[PDB]
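**Q** Structure file entry_13.cif, mmCIF, N, CA and C atoms, is pasted below:
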data_upload
#
loop_
_atom_site.group_PDB
_atom_site.id
_atom_site.type_symbol
_atom_site.label_atom_id
_atom_site.label_comp_id
_atom_site.auth_asym_id
_atom_site.auth_seq_id
_atom_site.Cartn_x
_atom_site.Cartn_y
_atom_site.Cartn_z
ATOM 1 N N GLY A 1 5.936 -46.318 30.878
ATOM 2 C CA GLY A 1 6.669 -47.341 31.665
ATOM 3 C C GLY A 1 5.965 -48.680 31.644
ATOM 4 N N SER A 2 6.660 -49.724 32.073
ATOM 5 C CA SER A 2 6.081 -51.061 32.126
ATOM 6 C C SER A 2 6.139 -51.611 33.550
ATOM 7 N N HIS A 3 6.007 -50.725 34.525
ATOM 8 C CA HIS A 3 6.133 -51.111 35.925
ATOM 9 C C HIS A 3 4.773 -51.407 36.544
ATOM 10 N N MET A 4 4.525 -52.681 36.811
ATOM 11 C CA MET A 4 3.237 -53.124 37.330
ATOM 12 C C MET A 4 3.088 -52.795 38.812
ATOM 13 N N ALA A 5 4.209 -52.518 39.481
ATOM 14 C CA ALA A 5 4.209 -52.205 40.914
ATOM 15 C C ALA A 5 3.219 -51.094 41.242
ATOM 16 N N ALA A 6 3.391 -49.951 40.597
ATOM 17 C CA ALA A 6 2.522 -48.814 40.837
ATOM 18 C C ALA A 6 1.130 -49.070 40.274
ATOM 19 N N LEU A 7 1.071 -49.747 39.129
ATOM 20 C CA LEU A 7 -0.198 -49.965 38.450
ATOM 21 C C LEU A 7 -1.113 -50.858 39.272
ATOM 22 N N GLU A 8 -0.651 -52.073 39.575
ATOM 23 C CA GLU A 8 -1.439 -53.021 40.361
ATOM 24 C C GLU A 8 -1.802 -52.419 41.696
ATOM 25 N N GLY A 9 -0.931 -51.560 42.195
ATOM 26 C CA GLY A 9 -1.188 -50.905 43.447
ATOM 27 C C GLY A 9 -2.449 -50.072 43.397
ATOM 28 N N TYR A 10 -2.496 -49.123 42.474
ATOM 29 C CA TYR A 10 -3.631 -48.223 42.388
ATOM 30 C C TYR A 10 -4.827 -48.884 41.704
ATOM 31 N N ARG A 11 -4.600 -49.670 40.652
ATOM 32 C CA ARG A 11 -5.693 -50.375 39.976
ATOM 33 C C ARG A 11 -6.406 -51.342 40.916
ATOM 34 N N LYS A 12 -5.693 -51.980 41.833
ATOM 35 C CA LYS A 12 -6.361 -52.834 42.810
ATOM 36 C C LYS A 12 -7.219 -51.960 43.734
ATOM 37 N N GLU A 13 -6.889 -50.670 43.765
ATOM 38 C CA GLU A 13 -7.604 -49.692 44.572
ATOM 39 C C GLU A 13 -8.744 -49.056 43.766
ATOM 40 N N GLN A 14 -8.739 -49.257 42.446
ATOM 41 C CA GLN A 14 -9.663 -48.541 41.569
ATOM 42 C C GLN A 14 -10.905 -49.372 41.320
ATOM 43 N N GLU A 15 -10.694 -50.610 40.912
ATOM 44 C CA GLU A 15 -11.801 -51.482 40.546
ATOM 45 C C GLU A 15 -12.671 -51.792 41.762
ATOM 46 N N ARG A 16 -12.070 -51.668 42.938
ATOM 47 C CA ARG A 16 -12.751 -51.923 44.203
ATOM 48 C C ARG A 16 -13.657 -50.749 44.591
ATOM 49 N N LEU A 17 -13.424 -49.605 43.969
ATOM 50 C CA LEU A 17 -14.114 -48.366 44.326
ATOM 51 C C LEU A 17 -14.824 -47.754 43.124
ATOM 52 N N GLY A 18 -14.568 -48.292 41.945
ATOM 53 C CA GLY A 18 -15.224 -47.800 40.748
ATOM 54 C C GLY A 18 -14.419 -46.710 40.070
ATOM 55 N N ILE A 19 -13.271 -46.387 40.662
ATOM 56 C CA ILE A 19 -12.399 -45.334 40.152
ATOM 57 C C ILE A 19 -11.931 -45.657 38.733
ATOM 58 N N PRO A 20 -12.157 -44.728 37.789
ATOM 59 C CA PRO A 20 -11.775 -44.907 36.390
ATOM 60 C C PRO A 20 -10.266 -44.909 36.200
ATOM 61 N N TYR A 21 -9.831 -45.731 35.265
ATOM 62 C CA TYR A 21 -8.430 -45.871 34.929
ATOM 63 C C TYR A 21 -7.910 -44.627 34.215
ATOM 64 N N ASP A 22 -8.735 -44.077 33.326
ATOM 65 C CA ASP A 22 -8.344 -42.910 32.538
ATOM 66 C C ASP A 22 -8.639 -41.628 33.317
ATOM 67 N N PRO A 23 -7.654 -40.715 33.371
ATOM 68 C CA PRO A 23 -7.688 -39.528 34.241
ATOM 69 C C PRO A 23 -8.861 -38.596 33.989
ATOM 70 N N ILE A 24 -9.319 -38.531 32.751
ATOM 71 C CA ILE A 24 -10.322 -37.552 32.381
ATOM 72 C C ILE A 24 -11.676 -37.849 33.021
ATOM 73 N N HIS A 25 -11.957 -39.113 33.345
ATOM 74 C CA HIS A 25 -13.266 -39.454 33.888
ATOM 75 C C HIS A 25 -13.291 -39.382 35.412
ATOM 76 N N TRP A 26 -12.175 -38.995 36.033
ATOM 77 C CA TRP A 26 -12.114 -38.969 37.495
ATOM 78 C C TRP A 26 -13.051 -37.897 38.039
ATOM 79 N N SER A 27 -13.606 -38.141 39.209
ATOM 80 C CA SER A 27 -14.281 -37.095 39.950
ATOM 81 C C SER A 27 -13.309 -36.528 40.968
ATOM 82 N N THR A 28 -13.588 -35.332 41.472
ATOM 83 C CA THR A 28 -12.650 -34.600 42.323
ATOM 84 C C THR A 28 -12.051 -35.477 43.432
ATOM 85 N N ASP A 29 -12.873 -36.334 44.028
ATOM 86 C CA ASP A 29 -12.396 -37.247 45.066
ATOM 87 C C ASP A 29 -11.397 -38.250 44.498
ATOM 88 N N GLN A 30 -11.784 -38.924 43.423
ATOM 89 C CA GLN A 30 -10.932 -39.925 42.765
ATOM 90 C C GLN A 30 -9.670 -39.298 42.185
ATOM 91 N N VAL A 31 -9.767 -38.074 41.707
ATOM 92 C CA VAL A 31 -8.582 -37.343 41.272
ATOM 93 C C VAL A 31 -7.526 -37.344 42.383
ATOM 94 N N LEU A 32 -7.973 -37.096 43.602
ATOM 95 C CA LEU A 32 -7.086 -37.061 44.758
ATOM 96 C C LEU A 32 -7.055 -38.388 45.527
ATOM 97 N N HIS A 33 -7.907 -39.358 45.209
ATOM 98 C CA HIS A 33 -7.639 -40.721 45.677
ATOM 99 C C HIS A 33 -6.337 -41.173 45.033
ATOM 100 N N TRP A 34 -6.242 -40.884 43.745
ATOM 101 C CA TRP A 34 -5.022 -41.100 42.980
ATOM 102 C C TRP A 34 -3.854 -40.320 43.575
ATOM 103 N N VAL A 35 -3.965 -39.004 43.696
ATOM 104 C CA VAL A 35 -2.853 -38.207 44.206
ATOM 105 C C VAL A 35 -2.432 -38.640 45.621
ATOM 106 N N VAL A 36 -3.377 -38.983 46.491
ATOM 107 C CA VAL A 36 -3.030 -39.426 47.848
ATOM 108 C C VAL A 36 -2.399 -40.824 47.842
ATOM 109 N N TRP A 37 -3.076 -41.763 47.214
ATOM 110 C CA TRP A 37 -2.583 -43.137 47.128
ATOM 111 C C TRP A 37 -1.242 -43.193 46.397
ATOM 112 N N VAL A 38 -1.154 -42.548 45.265
ATOM 113 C CA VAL A 38 0.060 -42.619 44.467
ATOM 114 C C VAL A 38 1.181 -41.741 45.042
ATOM 115 N N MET A 39 0.861 -40.704 45.801
ATOM 116 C CA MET A 39 1.930 -40.004 46.525
ATOM 117 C C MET A 39 2.489 -40.911 47.627
ATOM 118 N N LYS A 40 1.662 -41.837 48.088
ATOM 119 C CA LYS A 40 2.047 -42.815 49.105
ATOM 120 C C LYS A 40 3.145 -43.761 48.616
ATOM 121 N N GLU A 41 2.954 -44.370 47.451
ATOM 122 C CA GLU A 41 3.815 -45.474 47.012
ATOM 123 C C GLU A 41 5.276 -45.045 46.818
ATOM 124 N N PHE A 42 5.507 -43.760 46.606
ATOM 125 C CA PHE A 42 6.868 -43.241 46.439
ATOM 126 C C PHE A 42 7.196 -42.235 47.530
ATOM 127 N N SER A 43 6.383 -42.252 48.580
ATOM 128 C CA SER A 43 6.627 -41.458 49.785
ATOM 129 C C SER A 43 6.815 -39.978 49.450
ATOM 130 N N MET A 44 5.922 -39.460 48.612
ATOM 131 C CA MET A 44 5.911 -38.046 48.282
ATOM 132 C C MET A 44 5.261 -37.259 49.412
ATOM 133 N N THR A 45 3.982 -37.544 49.661
ATOM 134 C CA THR A 45 3.256 -37.025 50.826
ATOM 135 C C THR A 45 2.940 -35.527 50.712
ATOM 136 N N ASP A 46 3.924 -34.726 50.333
ATOM 137 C CA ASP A 46 3.747 -33.282 50.270
ATOM 138 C C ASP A 46 3.584 -32.797 48.837
ATOM 139 N N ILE A 47 2.630 -33.367 48.121
ATOM 140 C CA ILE A 47 2.258 -32.835 46.826
ATOM 141 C C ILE A 47 0.885 -32.173 46.939
ATOM 142 N N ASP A 48 0.757 -31.016 46.303
ATOM 143 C CA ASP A 48 -0.407 -30.149 46.456
ATOM 144 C C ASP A 48 -1.720 -30.846 46.114
ATOM 145 N N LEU A 49 -2.493 -31.149 47.150
ATOM 146 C CA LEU A 49 -3.807 -31.752 46.990
ATOM 147 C C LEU A 49 -4.855 -30.680 46.727
ATOM 148 N N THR A 50 -4.823 -29.628 47.536
ATOM 149 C CA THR A 50 -5.814 -28.559 47.451
ATOM 150 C C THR A 50 -5.689 -27.780 46.139
ATOM 151 N N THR A 51 -4.540 -27.883 45.488
ATOM 152 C CA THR A 51 -4.326 -27.198 44.225
ATOM 153 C C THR A 51 -4.780 -28.072 43.056
ATOM 154 N N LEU A 52 -5.006 -29.348 43.342
ATOM 155 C CA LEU A 52 -5.506 -30.281 42.347
ATOM 156 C C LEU A 52 -6.922 -30.704 42.695
ATOM 157 N N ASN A 53 -7.594 -29.879 43.484
ATOM 158 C CA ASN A 53 -8.969 -30.155 43.879
ATOM 159 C C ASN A 53 -9.908 -29.792 42.733
ATOM 160 N N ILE A 54 -9.844 -30.602 41.693
ATOM 161 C CA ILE A 54 -10.650 -30.424 40.502
ATOM 162 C C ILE A 54 -11.120 -31.781 40.000
ATOM 163 N N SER A 55 -11.914 -31.792 38.946
ATOM 164 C CA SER A 55 -12.390 -33.048 38.396
ATOM 165 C C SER A 55 -11.442 -33.564 37.312
ATOM 166 N N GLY A 56 -11.678 -34.780 36.838
ATOM 167 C CA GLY A 56 -10.769 -35.412 35.900
ATOM 168 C C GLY A 56 -10.576 -34.618 34.626
ATOM 169 N N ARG A 57 -11.664 -34.078 34.088
ATOM 170 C CA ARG A 57 -11.596 -33.293 32.862
ATOM 171 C C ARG A 57 -10.679 -32.086 33.046
ATOM 172 N N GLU A 58 -10.657 -31.527 34.247
ATOM 173 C CA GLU A 58 -9.733 -30.446 34.571
ATOM 174 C C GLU A 58 -8.302 -30.969 34.635
ATOM 175 N N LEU A 59 -8.109 -32.042 35.398
ATOM 176 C CA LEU A 59 -6.789 -32.646 35.587
ATOM 177 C C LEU A 59 -6.166 -33.018 34.240
ATOM 178 N N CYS A 60 -6.911 -33.759 33.439
ATOM 179 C CA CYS A 60 -6.398 -34.279 32.180
ATOM 180 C C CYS A 60 -6.231 -33.183 31.121
ATOM 181 N N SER A 61 -6.923 -32.060 31.279
ATOM 182 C CA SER A 61 -6.871 -31.001 30.278
ATOM 183 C C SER A 61 -5.736 -30.006 30.538
ATOM 184 N N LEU A 62 -5.041 -30.117 31.666
ATOM 185 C CA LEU A 62 -3.948 -29.193 31.945
ATOM 186 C C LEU A 62 -2.614 -29.824 31.564
ATOM 187 N N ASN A 63 -1.738 -29.030 30.960
ATOM 188 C CA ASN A 63 -0.424 -29.511 30.538
ATOM 189 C C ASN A 63 0.464 -29.702 31.751
ATOM 190 N N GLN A 64 1.532 -30.497 31.605
ATOM 191 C CA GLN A 64 2.465 -30.758 32.692
ATOM 192 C C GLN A 64 2.856 -29.477 33.422
ATOM 193 N N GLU A 65 2.927 -28.386 32.660
ATOM 194 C CA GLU A 65 3.357 -27.089 33.163
ATOM 195 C C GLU A 65 2.355 -26.560 34.174
ATOM 196 N N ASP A 66 1.088 -26.556 33.790
ATOM 197 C CA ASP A 66 0.043 -26.080 34.689
ATOM 198 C C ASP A 66 0.038 -26.884 35.980
ATOM 199 N N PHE A 67 0.408 -28.154 35.895
ATOM 200 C CA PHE A 67 0.555 -28.958 37.100
ATOM 201 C C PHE A 67 1.826 -28.554 37.820
ATOM 202 N N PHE A 68 2.919 -28.435 37.072
ATOM 203 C CA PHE A 68 4.235 -28.226 37.661
ATOM 204 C C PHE A 68 4.351 -26.840 38.275
ATOM 205 N N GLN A 69 3.369 -25.983 38.032
ATOM 206 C CA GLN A 69 3.345 -24.705 38.711
ATOM 207 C C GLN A 69 2.560 -24.852 40.001
ATOM 208 N N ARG A 70 1.405 -25.516 39.905
ATOM 209 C CA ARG A 70 0.587 -25.843 41.071
ATOM 210 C C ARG A 70 1.382 -26.704 42.052
ATOM 211 N N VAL A 71 2.259 -27.535 41.483
ATOM 212 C CA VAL A 71 2.979 -28.593 42.185
ATOM 213 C C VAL A 71 3.989 -29.225 41.211
ATOM 214 N N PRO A 72 5.263 -28.835 41.302
ATOM 215 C CA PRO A 72 6.291 -29.242 40.341
ATOM 216 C C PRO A 72 6.870 -30.623 40.613
ATOM 217 N N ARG A 73 6.742 -31.095 41.832
ATOM 218 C CA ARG A 73 7.375 -32.345 42.223
ATOM 219 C C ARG A 73 6.479 -33.571 41.993
ATOM 220 N N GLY A 74 5.579 -33.511 41.017
ATOM 221 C CA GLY A 74 4.676 -34.629 40.802
ATOM 222 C C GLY A 74 4.907 -35.366 39.493
ATOM 223 N N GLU A 75 6.129 -35.309 38.968
ATOM 224 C CA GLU A 75 6.492 -36.017 37.731
ATOM 225 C C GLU A 75 6.157 -37.512 37.791
ATOM 226 N N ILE A 76 6.388 -38.102 38.950
ATOM 227 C CA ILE A 76 6.208 -39.536 39.136
ATOM 228 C C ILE A 76 4.711 -39.898 39.072
ATOM 229 N N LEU A 77 3.866 -38.953 39.475
ATOM 230 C CA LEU A 77 2.418 -39.130 39.399
ATOM 231 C C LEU A 77 1.997 -39.390 37.959
ATOM 232 N N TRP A 78 2.337 -38.443 37.103
ATOM 233 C CA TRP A 78 1.967 -38.460 35.694
ATOM 234 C C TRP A 78 2.453 -39.699 34.970
ATOM 235 N N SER A 79 3.605 -40.171 35.410
ATOM 236 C CA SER A 79 4.255 -41.327 34.823
ATOM 237 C C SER A 79 3.365 -42.559 34.975
ATOM 238 N N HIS A 80 2.891 -42.774 36.195
ATOM 239 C CA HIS A 80 1.969 -43.862 36.473
ATOM 240 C C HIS A 80 0.634 -43.575 35.794
ATOM 241 N N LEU A 81 0.349 -42.300 35.625
ATOM 242 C CA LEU A 81 -0.904 -41.891 35.025
ATOM 243 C C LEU A 81 -0.932 -42.238 33.536
ATOM 244 N N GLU A 82 0.182 -42.025 32.841
ATOM 245 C CA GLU A 82 0.304 -42.500 31.467
ATOM 246 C C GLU A 82 0.005 -43.994 31.423
ATOM 247 N N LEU A 83 0.617 -44.713 32.352
ATOM 248 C CA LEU A 83 0.481 -46.163 32.439
ATOM 249 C C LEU A 83 -0.952 -46.576 32.780
ATOM 250 N N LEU A 84 -1.625 -45.790 33.597
ATOM 251 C CA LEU A 84 -3.047 -45.991 33.857
ATOM 252 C C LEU A 84 -3.861 -45.970 32.561
ATOM 253 N N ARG A 85 -3.856 -44.857 31.856
ATOM 254 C CA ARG A 85 -4.749 -44.723 30.707
ATOM 255 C C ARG A 85 -4.278 -45.576 29.521
ATOM 256 N N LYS A 86 -3.027 -46.004 29.553
ATOM 257 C CA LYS A 86 -2.506 -46.917 28.534
ATOM 258 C C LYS A 86 -2.911 -48.366 28.805
ATOM 259 N N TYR A 87 -2.884 -48.765 30.065
ATOM 260 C CA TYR A 87 -2.984 -50.185 30.420
ATOM 261 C C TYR A 87 -4.375 -50.550 30.903
ATOM 262 N N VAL A 88 -5.354 -50.025 30.197
ATOM 263 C CA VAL A 88 -6.738 -50.431 30.351
ATOM 264 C C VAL A 88 -7.430 -50.306 28.994
ATOM 265 N N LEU A 89 -6.626 -49.932 27.991
ATOM 266 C CA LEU A 89 -7.130 -49.570 26.666
ATOM 267 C C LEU A 89 -8.017 -48.333 26.777
ATOM 268 N N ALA A 90 -7.721 -47.516 27.796
ATOM 269 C CA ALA A 90 -8.511 -46.336 28.154
ATOM 270 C C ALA A 90 -9.935 -46.714 28.577
ATOM 271 N N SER A 91 -10.290 -46.367 29.811
ATOM 272 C CA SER A 91 -11.568 -46.770 30.389
ATOM 273 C C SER A 91 -12.730 -46.037 29.726
#
Written as structure tokens, how would this file's structure read?
**A**
Amino acid sequence: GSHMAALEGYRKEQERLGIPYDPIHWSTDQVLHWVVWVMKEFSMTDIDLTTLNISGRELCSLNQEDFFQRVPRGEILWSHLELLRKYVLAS
């Protein structure tokens, strides 16, 4: 996507905290800083946090399916996530 709304939202939250743009380098907290913050912008709220309580290498290494079983309603998350790792030239 080319939507800066979600991007500037979380990226303004990332550079201020050191949070990596690319999902694989996230630490367990930042993995869910993303899930909490980004569940906020689209008023998701009830997406499985405790099921994604892993590090970035775990998050980025699982296919959409492994996520969609843990939590199927997080399509919008991944969408912004593509845009994250795309729109930094990968951190």
**Q** Considering only N, CA and C atoms, can you say which of A:14, A:7, A:71, A:65 comes closest to residue 49 in chain A?
**A**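 Ranking A:14, A:7, A:71, A:65 by distance to residue 49 in chain A, first place goes to A:71.
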**Q** Applied to this file, what does the PyMOL selection byres (((chain A and resi 81 and name CA) around 10) and name CA) return in terms of residues, put as a ChimeraX atom specification?
**A** /A:1,6-7,21-23,34,38,60,75-80,82-87
**Q** Write the residues you've just listed into a file as a PDB file, in the frame of the given file, and include N, CA and C atoms for each of them.
**A**
ATOM      1  N   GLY A   1       5.936 -46.318  30.878  1.00  0.00           N
ATOM      2  CA  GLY A   1       6.669 -47.341  31.665  1.00  0.00           C
ATOM      3  C   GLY A   1       5.965 -48.680  31.644  1.00  0.00           C
ATOM      4  N   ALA A   6       3.391 -49.951  40.597  1.00  0.00           N
ATOM      5  CA  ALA A   6       2.522 -48.814  40.837  1.00  0.00           C
ATOM      6  C   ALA A   6       1.130 -49.070  40.274  1.00  0.00           C
ATOM      7  N   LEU A   7       1.071 -49.747  39.129  1.00  0.00           N
ATOM      8  CA  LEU A   7      -0.198 -49.965  38.450  1.00  0.00           C
ATOM      9  C   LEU A   7      -1.113 -50.858  39.272  1.00  0.00           C
ATOM     10  N   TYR A  21      -9.831 -45.731  35.265  1.00  0.00           N
ATOM     11  CA  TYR A  21      -8.430 -45.871  34.929  1.00  0.00           C
ATOM     12  C   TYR A  21      -7.910 -44.627  34.215  1.00  0.00           C
ATOM     13  N   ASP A  22      -8.735 -44.077  33.326  1.00  0.00           N
ATOM     14  CA  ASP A  22      -8.344 -42.910  32.538  1.00  0.00           C
ATOM     15  C   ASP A  22      -8.639 -41.628  33.317  1.00  0.00           C
ATOM     16  N   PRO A  23      -7.654 -40.715  33.371  1.00  0.00           N
ATOM     17  CA  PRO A  23      -7.688 -39.528  34.241  1.00  0.00           C
ATOM     18  C   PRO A  23      -8.861 -38.596  33.989  1.00  0.00           C
ATOM     19  N   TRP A  34      -6.242 -40.884  43.745  1.00  0.00           N
ATOM     20  CA  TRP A  34      -5.022 -41.100  42.980  1.00  0.00           C
ATOM     21  C   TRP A  34      -3.854 -40.320  43.575  1.00  0.00           C
ATOM     22  N   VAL A  38      -1.154 -42.548  45.265  1.00  0.00           N
ATOM     23  CA  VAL A  38       0.060 -42.619  44.467  1.00  0.00           C
ATOM     24  C   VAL A  38       1.181 -41.741  45.042  1.00  0.00           C
ATOM     25  N   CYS A  60      -6.911 -33.759  33.439  1.00  0.00           N
ATOM     26  CA  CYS A  60      -6.398 -34.279  32.180  1.00  0.00           C
ATOM     27  C   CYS A  60      -6.231 -33.183  31.121  1.00  0.00           C
ATOM     28  N   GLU A  75       6.129 -35.309  38.968  1.00  0.00           N
ATOM     29  CA  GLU A  75       6.492 -36.017  37.731  1.00  0.00           C
ATOM     30  C   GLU A  75       6.157 -37.512  37.791  1.00  0.00           C
ATOM     31  N   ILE A  76       6.388 -38.102  38.950  1.00  0.00           N
ATOM     32  CA  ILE A  76       6.208 -39.536  39.136  1.00  0.00           C
ATOM     33  C   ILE A  76       4.711 -39.898  39.072  1.00  0.00           C
ATOM     34  N   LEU A  77       3.866 -38.953  39.475  1.00  0.00           N
ATOM     35  CA  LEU A  77       2.418 -39.130  39.399  1.00  0.00           C
ATOM     36  C   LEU A  77       1.997 -39.390  37.959  1.00  0.00           C
ATOM     37  N   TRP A  78       2.337 -38.443  37.103  1.00  0.00           N
ATOM     38  CA  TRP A  78       1.967 -38.460  35.694  1.00  0.00           C
ATOM     39  C   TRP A  78       2.453 -39.699  34.970  1.00  0.00           C
ATOM     40  N   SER A  79       3.605 -40.171  35.410  1.00  0.00           N
ATOM     41  CA  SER A  79       4.255 -41.327  34.823  1.00  0.00           C
ATOM     42  C   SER A  79       3.365 -42.559  34.975  1.00  0.00           C
ATOM     43  N   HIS A  80       2.891 -42.774  36.195  1.00  0.00           N
ATOM     44  CA  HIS A  80       1.969 -43.862  36.473  1.00  0.00           C
ATOM     45  C   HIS A  80       0.634 -43.575  35.794  1.00  0.00           C
ATOM     46  N   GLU A  82       0.182 -42.025  32.841  1.00  0.00           N
ATOM     47  CA  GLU A  82       0.304 -42.500  31.467  1.00  0.00           C
ATOM     48  C   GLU A  82       0.005 -43.994  31.423  1.00  0.00           C
ATOM     49  N   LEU A  83       0.617 -44.713  32.352  1.00  0.00           N
ATOM     50  CA  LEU A  83       0.481 -46.163  32.439  1.00  0.00           C
ATOM     51  C   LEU A  83      -0.952 -46.576  32.780  1.00  0.00           C
ATOM     52  N   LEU A  84      -1.625 -45.790  33.597  1.00  0.00           N
ATOM     53  CA  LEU A  84      -3.047 -45.991  33.857  1.00  0.00           C
ATOM     54  C   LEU A  84      -3.861 -45.970  32.561  1.00  0.00           C
ATOM     55  N   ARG A  85      -3.856 -44.857  31.856  1.00  0.00           N
ATOM     56  CA  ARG A  85      -4.749 -44.723  30.707  1.00  0.00           C
ATOM     57  C   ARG A  85      -4.278 -45.576  29.521  1.00  0.00           C
ATOM     58  N   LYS A  86      -3.027 -46.004  29.553  1.00  0.00           N
ATOM     59  CA  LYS A  86      -2.506 -46.917  28.534  1.00  0.00           C
ATOM     60  C   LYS A  86      -2.911 -48.366  28.805  1.00  0.00           C
ATOM     61  N   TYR A  87      -2.884 -48.765  30.065  1.00  0.00           N
ATOM     62  CA  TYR A  87      -2.984 -50.185  30.420  1.00  0.00           C
ATOM     63  C   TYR A  87      -4.375 -50.550  30.903  1.00  0.00           C
TER      64      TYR A  87
END
**Q** Just how far from CA of residue 24 in chain A is atom N of residue 64 in chain A, in Å to one decimal?
**A**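 Separating atom N of residue 64 in chain A from CA of residue 24 in chain A is a distance of 13.8 Å.
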**Q** Rounded to one decimal in Å, what is the spacing between atom N of residue 27 in chain A and atom C of residue 91 in chain A?
**A**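 Rounded to one decimal, the two atoms are 12.4 Å apart.
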**Q** Around range 75-84 of chain A, with edges along x, y and z and 5 Å added on all six sides, what centre and edge lengths do you get, in Å to one decimal, as AutoDock Vina command-line options?
**A**
--center_x 1.3 --center_y -40.9 --center_z 35.4 --size_x 20.4 --size_y 21.3 --size_z 18.1
**Q** Report, in Å to a single decimal, how far apart atom N of residue 26 in chain A and atom N of residue 61 in chain A are.
**A**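 Separation between atom N of residue 61 in chain A and atom N of residue 26 in chain A: 9.9 Å.
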**Q** Residues of range 5-88 of chain A in alpha helix (DSSP H) according to DSSP, as a ChimeraX atom specification?
**A** /A:5-14,28-41,56-61,64-70,75-86
**Q** I need the residue nearest residue 69 in chain A from this list: A:29, A:48, A:41, A:8. Use only C-alpha atoms for the distance.
**A**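 Going through A:29, A:48, A:41, A:8 one by one, the smallest distance to residue 69 in chain A is for A:48.
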**Q** Taking all atoms listed in the file into account, which of A:50, A:55, A:43, A:63 comes nearest residue 30 in chain A?
**A**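 Looking at the shortest contact to residue 30 in chain A, the residue is A:55.
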